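Trainee: Residue numbers (the authors' numbering): -1 to 156, 168 to 272, 275 to 309, 317 to 385.
Yeah, the Cβ is synthetic: ideal placement off N, Cα and C, and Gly gets one too.
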Ligand SMILES: CO[C@H](C)C(=O)N[C@@H](Cc1ccc2c(c1)OCO2)[C@H](O)CN[C@H]1CC2(CCC2)Oc2ncc(CC(C)(C)C)cc21
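#1: Hey, quick one: how far does the alpha helix (DSSP H) through residue 303 stretch, first residue to last?
#2: Residue 33: which of 68, 232, 5 and 169 sits nearest, CA to CA?
#3: Report yes if the CB atom of residue 6 is closer than 8 Å to the CB atom of residue 173, and no otherwise.
#4: For residue 104, which of 79, 125, 128 and 90 has the nearest alpha-carbon?
#5: Secondary structure at residue 115, three-state DSSP: helix, strand or coil?
#6: May I ask you to check if the CB of residue 180 is nearer than 7 Å to at least one heavy atom of ligand 1?
#7: Using 10 angstroms around the beta-carbon of residue 321, count the other beta-carbons present and answer buried if the total reaches 16, otherwise exposed.
#8: Could you check what DSSP says for residue 355 in three-state terms: helix, strand or coil?
#9: Confirm the yes/no value for this check: CB of residue 225, any heavy atom of ligand 1, distance under 7 Å.
#10: Look up residue 365 in the DSSP assignment and say whether it is helix, strand or coil.
#11: Is the region 124 to 133 touching the region 43 to 60 in the sense that three or more CB pairs, one from each, lie closer than 8 Å?
#12: Are the region 355 to 375 and the region 210 to 221 in contact at 8 Å, needing three or more beta carbon pairs?
#13: Would residue 47 and residue 98 be called neighbours here (beta carbons separated by less than 8 Å)?
#14: What three-state label does DSSP hand residue 347 in the structure shown?
#15: Assuming residue 262 and residue 245 form a contact by the criterion Cβ under 8 Å, report the distance between their Cβ atoms to the nearest whole angstrom.
#16: Is residue 173 near ligand 1, with its Cβ less than 7 Å from a heavy atom?
#17: For residue 380 and residue 224, I'd like the C-alpha separation in whole angstroms.
#18: If you draw a straight line from the alpha carbon of residue 180 to that of residue 293, how long is it in whole angstroms?
#19: Quick check: is any heavy atom of ligand 3 less than 7 Å from the C-beta of residue 187?
#20: Should residue 385 go down as buried or exposed, given a rule of 16 or more other Cβ atoms within 10 Å for buried?
#21: Using three-state DSSP, classify residue 247 as helix, strand or coil.
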C-alpha cells in the first residue's frame, strides 16, 4: 500500500488533510480528514482565505440535489448546497466514485486564515450526517461502488505535520508489535468504551461509567485529549500531584495560558494510560501516551493538550499520534498499535499492552 504512505499533511492544531479531486475534469483540493463527522464538504466560493475552491460550473459530471445543508462543529459552522460529482484520492486507491458533496456557499470560523485546506471529509457514519442519515457519507459510497474493503487506517505523525491514510487496508510498516482491537459501541461517531484510566500506573479509582459520560469517541478532527467534566478534574488533580516539583497557574490547566521552557522536564510528567474494552468478555487492553503527545509545542512555550468536556471523552490527535489506528468498519472495531513514527525520548515509549482482566466492562457505557 506504498502508493498511500505519507499522503497526509498539516499544521499543528490545524488538522490533517489529504489531496482529493472533484468533478470532470478533476479539480484538486486539500481536504481535512475527520473521523469525528460524516459530511463531505468543500469551499465553492472565493473566500479570501481559500487557496482554491470547487467550481461547479466547470464540471460536466456535476448534479444538483436542490437541498440546503447546515453543519456546526464545536467551533466553526458552514452552510452549503448539496450535490453529487466524481471523486478521486490521487494518493489513494486507483478508483473514481460518485459521492455527495456539500458545496460551501457560506461559512463562519470554519476556514482558517493561513490554512492550506479547502474542505472536510467526514469519515464517520450516516447516523450523524446532515441533514439526516439518508445522505450517504463518502466512505459508504466508496465501498458500495468499488471493491475497496470497508476499512481504513490512520498514522498521524505530528510547524509542519505529516501522516498516512491507508484506504482499504493495513500497512504493517506503519506499526510495531501487535494490533489490539476495541469494539465500536454503535455506528454513529466512532464510539468506544474506556474501562480504566491510569496516570503514572495509578488508578483514578473513579466509576468507569464517568469515563464515557456521555460518550467516548475516536476523532481525528479534534486536536486534544478531551476528558469529561468530572474525570478531567480528577485527572488533572493527579497530573498536578505527579508534577509538584514545579508550579503552574490555574489558567494553564484550563488551556488559558502557555507555559514556557528553554530548549523542559519530560520526567516529572506522567504517562497516561487508557484501558479499552477488548474483543472478549472481561478482557481489556491499554494504550499508553507520553507527555510529548499531550504537551503541544506552540522559548518552547508548550500547551496543555488535555481539556474538560460537556460532550464526553474525545480521543483526539493527542491520543492518535502515539498510534497506528485501524478503523475496521467491516467488523465493527478499532485497532490500536504502536506507531512507527510517534514522538519518543529514550526514557519512556508509547505502548499498547494486553490482555488484562477487567470485570463489568459493559457497566461503563452510559445510557
Ligand atoms: C473540537 O473542535 C475541533 C476543531 C472540531 O470541531 N473538529 C471537527 C473537525 C473540524 C471542524 C472545523 C474545523 C477544523 C476541524 O479545522 C478548523 O475548522 C470535528 O468534526 C468534531 N467532531 C465531533 C466532536 C464533538 C465533541 C464530542 C463530539 O463535537 C462535535 N460536534 C459537532 C460535529 C458535527 C456534526 C454534529 C454534524 C457531526 C462533530 C463533533
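Mentor: So, from the listed chains and residues:
#1: Along the chain shown, read from residue 1 onward, the residue named residue 303 stands at position 292. It spans 302 to 305 - the alpha helix (DSSP H) in which residue 303 sits, taken as one unbroken run.
#2: Translated into the one-based positions of the chain shown, residue 33 becomes position 35. Among 68, 232, 5 and 169, the Cα nearest to that of residue 33 is on 232.
#3: Reading the chain shown from its first residue, position 8 is the one you call residue 6. Reading the chain shown from its first residue, position 164 is the one you call residue 173. Yes, they are a contact pair.
#4: Here residue 104 refers to the residue found at position 106 of the chain shown. The residue with the shortest Cα to Cα distance from residue 104 is 79.
#5: Here residue 115 refers to the residue found at position 117 when the chain shown is read from its first residue. Three-state DSSP puts residue 115 in coil, outside helix and strand.
#6: Residue numbering aside, residue 180 sits at position 171 when the chain shown is read from its first letter. Checking every heavy atom of ligand 1 against the Cβ of residue 180, none is found closer than 7 Å.
#7: By one-based count along the chain shown, residue 321 stands at place 303. Answer is buried; the Cβ neighbour count reaches 16.
#8: Here residue 355 refers to the residue found at position 337 when the chain shown is read from its first residue. If DSSP states are grouped into helix, strand and coil, residue 355 belongs with the strands.
#9: Numbered from its first residue, the chain shown carries residue 225 at position 216. Because no heavy atom of ligand 1 lies under 7 Å away, the Cβ of residue 225 does not count as near it: no.
#10: Residue mapping note: residue 365 aligns to position 347 of the chain shown, counting from 1. In the structure shown, residue 365 sits in coil (DSSP, three-state: anything other than H, G, I, E or B).
#11: no
#12: no
#13: In the chain shown, residue 47 corresponds to position 49, counting from 1. In the chain shown, residue 98 corresponds to position 100, counting from 1. Their beta carbons are not under 8 Å apart, which means residue 47 does not touch residue 98 by this criterion.
#14: To locate residue 347, count along the chain shown from 1; it is residue 329. Helix at residue 347.
#15: Here residue 262 is taken as the residue at index 253 of the chain shown, counted from 1. Here residue 245 is taken as the residue at index 236 of the chain shown, counted from 1. Indeed, because the Cβ distance is near 5 Å, the residues count as touching under 8 Å.
#16: Position 164 of the chain shown, counted from the first residue, corresponds to residue 173. No; taking the cut-off as 7 Å, the Cβ of residue 173 has no heavy atom of ligand 1 nearer than that.
#17: Translated into the one-based positions of the chain shown, residue 380 becomes position 362. Translated into the one-based positions of the chain shown, residue 224 becomes position 215. So the alpha carbons of these two residues sit roughly 13 Å apart.
#18: Walking along the chain shown from the start, residue 180 turns up at place 171. Walking along the chain shown from the start, residue 293 turns up at place 282. Rounded to the nearest angstrom, the two C-alpha atoms are 30 Å apart.
#19: Ligands in the displayed structure: ligand 1; ligand 3 is not one of them.
#20: Within the chain shown, the letter at position 367 stands for residue 385. Flag for residue 385 reads exposed.
#21: The residue labelled residue 247 in the question sits at position 238 within the chain shown. Note: residue 247 maps to helix in three-state DSSP.
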